[PDB]
Every structure is written in C-alpha cells, then in structure tokens.
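In the form deposited in one PDB entry, a lone chain appears below as structure tokens.
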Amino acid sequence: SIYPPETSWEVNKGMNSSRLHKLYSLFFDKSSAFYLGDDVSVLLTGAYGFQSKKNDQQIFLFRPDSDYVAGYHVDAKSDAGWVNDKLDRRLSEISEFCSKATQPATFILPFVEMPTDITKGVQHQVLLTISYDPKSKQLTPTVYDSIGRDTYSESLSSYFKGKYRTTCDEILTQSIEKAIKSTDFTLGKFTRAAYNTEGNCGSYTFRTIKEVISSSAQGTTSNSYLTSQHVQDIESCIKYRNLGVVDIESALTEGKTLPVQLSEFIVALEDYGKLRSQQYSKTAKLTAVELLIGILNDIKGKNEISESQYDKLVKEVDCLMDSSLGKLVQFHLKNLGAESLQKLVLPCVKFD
C-alpha cells in the first residue's frame, strides 16, 4: 500500500504496475509536464473517473494491475492465447457500464502483453483504450503500442504473418467481442496504433495516457514528445518519493496535488543508504547519510538542531551534494523551498 522511493531506478529497469500507479500522482501536480487542467473529478470499480472541462466527454482511467495481462502464442498453429479473467472482468464491467451510460465515455487500461511460447518472459507495457458513443451505440477499441518497429528490412512477410503472431490482437479482440456477446452494441474497427530501448515502453505508455486524456477532452510529433522534462518528472517521482496508495487514491478523487513531505526525504535517504551499503568512499557517503537523517528526524521532532550538529553537517555538505545522492537531496530541497541544506537547517538551531 506504499510505493517506496526506488533510488537508482533511472527508467530502464522498466515499469511495473506499482510504479505506474505512483506516476499517476503527477496528473495534478501543477508543476508537471503531465498536468491535467482538462479534466475534473466525477461523482465504476478499479478506475478513477474524470469529467471534461470544455466538453461533454467522460474519462475513466483504470488503476494499473499486475493481472491486467494478455498472453499470445507466437506460433500461429497454437491457440491464440489468453487474457486474465480480471481483464476480461473489467471489459465486461465496461460494457455493463456503457449500456446504462448517457454521456459518451473513453476507457483507459494500461495492460501488459507477452508471448507464452518463447521461454523469454518478454513483458510489454501497452495501452488499451475503448471509447463509447451512446448515440451510435458504438464501441471502438485501440491498442497503443510503443515498439513501433515495422521496419521494411525486418517486416514479417504475409505468409510468415500466417506462420507467426506478433501480438495478442487476436485474443484481445476475441475478449472484447465476448464481452459484447449480446450483439447489443456495434464494435468499431479494432485498430492498433504503433510508434517509436525496449525498457522505455512503459514510460511511453504513461505519456500516452496523458495524451489520450487530453485529446479526449479536446478531441483528436515527429519525435521525442517524451520530453526530458517528462522523463525528469517520472524519474524523480519513482526515484525520490514515498507514496502511500491511499494518498494517490485521495489525490485522484479529490483532484489534489500531493506535496512532498519531509518524511519522504527521510525515507528516500534511508533507502539510498541501504542500497549504497550493498554496492567518495562508501563509508563516507554512509556517514553523511546517517548524520543527515539524524538531523532531519530531530527537525521532525520539532527539536532544534544543536549548533554542533550543524558544523558536523557542514563538511557533509560536500559529501551530500555529490552526484546521485546529490540529485536526491536536490530534488527534495527543491520541493521544500530551500536553496541549500545549510539554508534549510539554519533556522531551528539552538546556539551556544
């Protein structure tokens, strides 16, 4: 129920559902390349609801989930594959919703796509979106894929497209139809949108989620719209803060940003500490970290740092600004409104 600060995460380990959830925190950080002043909160299980400013459109964004997964068979001789019953549930729950809905909606599932034949557990973060139009009773699915490929040189010949499946599209489209077995709705043409080394897929997905929402509010890129600011945001979030799930829930339902508490800085430091002990000498950075954690706890206590503790901190300034540790300290200091550690700690100090 707590997404801890994964220092040293750096956007290539790849995403996982927890991280992605944690990234959802950015949707209402005004100072964020992912900010959404296009949606309001609305007053459907497993999804957060969003009203459109500037529109009639309704937007449901599902909480990411370790079970939102489809497994396809690369061999075409094989059964096309499977979907978790949970994803199938959500699909059905979506159609059940839409049958009663009067205002048009767009549904957003981050899910994972993977080959089951191959022993290699190649799990691919990928995005499903189902829009529903009640006047048409139309339900159009799209899958947004971040490994665009399609290279002329490494294109699958049609015949071999017969021999080999590159994606779950078969099984997925099957699952959607099953949800609609009533033949109560028209399913629009299932398209797959592709674009855009491999480990980047998930962060792309998250960006797309933003886009899909913004577009939805408004309607309707040569390269690198995954802006570095975007990446700085994602990295700093996954890497440096300590979020509870309750916090994120509350954030997305009350439409509030989630300011960085001091405890977040403290935890971040401690985790940095553990990880660093595993790998300026090591004992040096560990002494710095220790000392600093102590000071911040004493602040937390509301106690005044001793002048002595401060002078202690002053050489550790050099040791705590260095590189990685430095960037952690820098993130949090940005988010506490302090120019330096010396600045932050200078008040509430008891002088001899």
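Sequential numbering from 1, following the sequence displayed. Shifts are known only where both forms have a C-alpha. Basically, rigid core = biggest C-alpha set you can superpose within 1.5 Å across the two forms.
Keep in mind that the form deposited in another entry is not shown, yet the notes after this line are about it.
Here the rigid core is superposed between the shown form and the other one, and of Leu156, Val74, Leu262, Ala101 the C-alpha of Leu156 is the only one to shift by 2 Å or more. In the core-superposed comparison between the shown form and the other one, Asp65 has its Cα shifted by less than 2 Å. Residue displacement note: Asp38 has its CA displaced by at least 2 Å between the shown form and the other one (rigid core superposed). Between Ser158 and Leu128, the Cα spacing is larger in that other deposited form than in the shown form, differing by no less than 3 Å. Relative to this form, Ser157 and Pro115 approach one another in that other deposited form, with their C-alpha atoms ending up at least 3 Å closer. In sequence order, 38 to 43, 148 to 163, 221 to 224 are the runs of at least 3 residues present in both forms whose Cα atoms shift by 2 Å or more between the shown form and the other one once the core is superposed.
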